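Listed next as structure tokens is one chain, alone, in the form deposited in one PDB entry.
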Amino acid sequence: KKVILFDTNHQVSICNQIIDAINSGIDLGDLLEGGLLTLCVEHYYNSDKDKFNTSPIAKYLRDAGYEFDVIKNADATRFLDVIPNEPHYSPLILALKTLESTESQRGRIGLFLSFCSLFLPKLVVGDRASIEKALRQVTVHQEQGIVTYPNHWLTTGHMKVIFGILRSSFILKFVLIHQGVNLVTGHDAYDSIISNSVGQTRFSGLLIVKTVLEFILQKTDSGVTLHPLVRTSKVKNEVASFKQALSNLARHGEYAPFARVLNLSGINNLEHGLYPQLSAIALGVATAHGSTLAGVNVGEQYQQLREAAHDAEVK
């Protein structure tokens, strides 16, 4: 899991050219993630290695197994110049050799990251859903005068490129979600878009299981407990499984609302599908308060235990 950062004295040049290349649909191959990290070390740290090595961003990516490698080259203005000299970067070298690159203003890194952040809220549902959402949200930020993206970023062709970059990059998505959740005033104006989108990504693909959980929990004199019917012998397997799945999620700590968007490990058994008895009981309990667990279909053989949970939540 080696990630190459690029280190030059004209970082802003180098960076905006990586953005040009991403916007042009050029495939950076294995240099993608270290391209995108290299960006990020600017919107947040001026290419200062020392300030980056102390951030909670760097600690998490190391705790996740990443190790950063560095291309020191001081005297070079083009992204072209920082690509290592290997046959396997030839077709990338070729594409970069011919690419468009206008003079680049500094809002642009930030502007780019803000735009990527708009795909998060529905990323896990697929391209169509991530793109229609992001397009509705461009309308809100444009209308607020917060930003106007270039009009050509708003085509489905361009948007598909960006969505695929997001699916492809763990690091990109994580920088966004972290800086998202730790914003107060932000690094700059582009940061509050990121936070707002990231706020709307919270429990994406974890909302139904989250709800089922909520409704199998009861208040008591002696603290918060599981509901009595959950602690019976017919539910013992499901409870043990659910708990192990739930314990896997809680390893992700503050990033656990974003586990599925980040594809974090150990959440494969958090489908509410797998716990039909627990789904029934949450339903029973929800209906008495009186929610409708939307997406929780209660199969017909578990209907009695739903009733049991409902009748006894009123009692």
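Note that the rigid core is defined as the largest set of C-alphas that superpose within 1.5 Å between two forms. Only residues modelled in both forms are compared. Counting begins at 1, following the sequence as shown.
Another form, the form deposited in another entry, is not on view; read the next lines as being about it.
- Of the residues listed here (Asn73, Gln218, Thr155, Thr139), only one shifts its CA by 2 angstroms or more between the shown form and the other one after fitting on the rigid core, and it is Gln218.
- Residue displacement note: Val209 has its CA displaced by at least 2 Å between the shown form and the other one (rigid core superposed).
- Once you line up the core between the shown form and the other one, the Cα of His88 stays within less than 2 Å of where it was.
- In the core-superposed comparison between the shown form and the other one, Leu31 has its Cα shifted by less than 2 Å.
- Once the two forms are aligned on their core, the segments of at least three consecutive shared residues with Cα displacements of 2 Å or more between the shown form and the other one fall at 187-189, 209-248, 275-293, 300-315.
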